[PDB]
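Undergrad: So that we are looking at the same thing, I have put the structure below in structure tokens.
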Amino acid sequence: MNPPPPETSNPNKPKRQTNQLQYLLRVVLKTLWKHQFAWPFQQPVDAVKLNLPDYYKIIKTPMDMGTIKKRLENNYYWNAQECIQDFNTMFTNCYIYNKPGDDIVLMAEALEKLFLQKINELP
Ligand SMILES: Cc1nn(C)c(C)c1-c1cc(OCC2COC2)cc(-c2ccnc3nc[nH]c23)c1F
Ligand SMILES: [Cl-]
Ligand SMILES: [Cl-]
């Protein structure tokens, strides 16, 4: 079945609202969110709905842009590199579970190209 989703709130974390993290929410994530290919990544993989009973037997550090959005809105991160690491985990999970040429891999590839374009320059 589905595991609990990754945590998005933690009052015990040291938190910051750097200019880069504000940018990652207002510009980077909000632009990726609107991409025609973003919809598979706007929430945790629902292994039950998608009939992927093996997905969480293989992917042990799940992540998605819905989780990232909630983290950013909770000032969950200390710095932009923590947020960028979550993005990279999302893309990498897709490439691990799936194979080149799969539709979902083509979609992640598109999103990742745009992501790298947008983070090349941060405030
Ligand atoms: C494209 C595509 N083609 N086909 C035939 C299917 C079933 C999809 C599809 C649909 C989907 O919908 C998400 C809604 C349901 O709950 C939110 C999510 C994912 C999906 C996301 C992230 N990683 C994945 N690894 C394998 N699938 C992954 C997906 F691939
Ligand atoms: Cl919180
Ligand atoms: Cl902590």
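We name chains A, B, ... following the order of the structure tokens; residues begin at 1 in each chain, and ligands are numbered from 1 as shown.
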Check every protein, DNA and RNA residue against ligand 2, keep those with an atom at most 8 Å away (counting only C-alpha atoms and all ligand atoms), and present them as a list in words.
TA: residues 8, 9, 10, 11, 74, 75 and 76 of chain A
Undergrad: Residues near region 97-112 of chain A, anyone? I mean within 7 Å using only C-alpha atoms, not counting same-chain ones fewer than 6 positions away, as a list in words.
TA: residues 32, 37 and 91 of chain A
Undergrad: For region 12-20 of chain A, list every protein, DNA or RNA residue within 10 Å, evaluated using only C-alpha atoms, and leave out those in the same chain fewer than 3 positions away; present the list as an mmCIF file with C-alpha atoms, in the first residue's frame.
TA:
data_model
loop_
_atom_site.group_PDB
_atom_site.id
_atom_site.type_symbol
_atom_site.label_atom_id
_atom_site.label_comp_id
_atom_site.auth_asym_id
_atom_site.auth_seq_id
_atom_site.Cartn_x
_atom_site.Cartn_y
_atom_site.Cartn_z
ATOM 1 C CA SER A 9 6.143 20.369 8.889
ATOM 2 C CA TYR A 23 12.705 32.665 -5.299
ATOM 3 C CA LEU A 24 12.532 28.873 -5.388
ATOM 4 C CA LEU A 25 8.910 29.108 -4.281
ATOM 5 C CA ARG A 26 7.665 32.224 -6.123
ATOM 6 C CA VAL A 27 9.506 31.650 -9.440
ATOM 7 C CA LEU A 72 8.842 25.825 1.148
ATOM 8 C CA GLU A 73 5.593 27.279 2.510
ATOM 9 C CA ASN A 74 6.632 25.964 5.966
ATOM 10 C CA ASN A 75 10.166 27.426 5.717
ATOM 11 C CA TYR A 76 11.199 23.816 6.169
ATOM 12 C CA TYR A 77 14.563 24.337 4.508
ATOM 13 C CA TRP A 78 17.608 26.184 5.780
ATOM 14 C CA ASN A 79 19.050 26.948 2.365
ATOM 15 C CA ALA A 80 18.316 26.622 -1.321
ATOM 16 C CA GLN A 81 20.615 23.633 -1.724
ATOM 17 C CA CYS A 83 15.380 22.407 -1.678
ATOM 18 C CA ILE A 119 18.087 27.693 -11.042
ATOM 19 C CA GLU A 121 20.708 32.119 -11.787
ATOM 20 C CA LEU A 122 19.446 32.653 -8.218
ATOM 21 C CA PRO A 123 19.162 35.950 -6.283
#
Undergrad: Set the distance at 12 Å and use only C-alpha atoms: which residues neighbour residue 50 (chain A) once local chain neighbours fewer than 5 positions away are removed? I'd like the list as number ranges by chain.
TA: A: 1-2, 40, 44-45, 55
Undergrad: Mind pulling up the distance from CA of residue 6 (chain A) to CA of residue 113 (chain A)?
TA: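 Rounded to one decimal, the two atoms are 24.6 Å apart.
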Undergrad: Can you work out the spacing between CA of residue 29 (chain A) and atom 22 (C, counted along the ligand's line) of ligand 1 in Å, to one decimal?
TA: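 Those two atoms sit 16.4 Å apart.
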Undergrad: If DSSP is run on the backbone, what residues of region 43-123 of chain A are alpha helix (DSSP H)? A reply as JSON, numbers by chain would be ideal.
TA: {"A": [55, 56, 57, 58, 65, 66, 67, 68, 69, 70, 71, 72, 73, 80, 81, 82, 83, 84, 85, 86, 87, 88, 89, 90, 91, 92, 93, 94, 95, 96, 97, 103, 104, 105, 106, 107, 108, 109, 110, 111, 112, 113, 114, 115, 116, 117, 118, 119]}
Undergrad: Here is a test: counting only C-alpha atoms, which residue of A:38, A:116, A:28, A:90 is nearest to residue 60 (chain A)?
TA: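 Answer, going by the shortest atom-to-atom distance: A:90.
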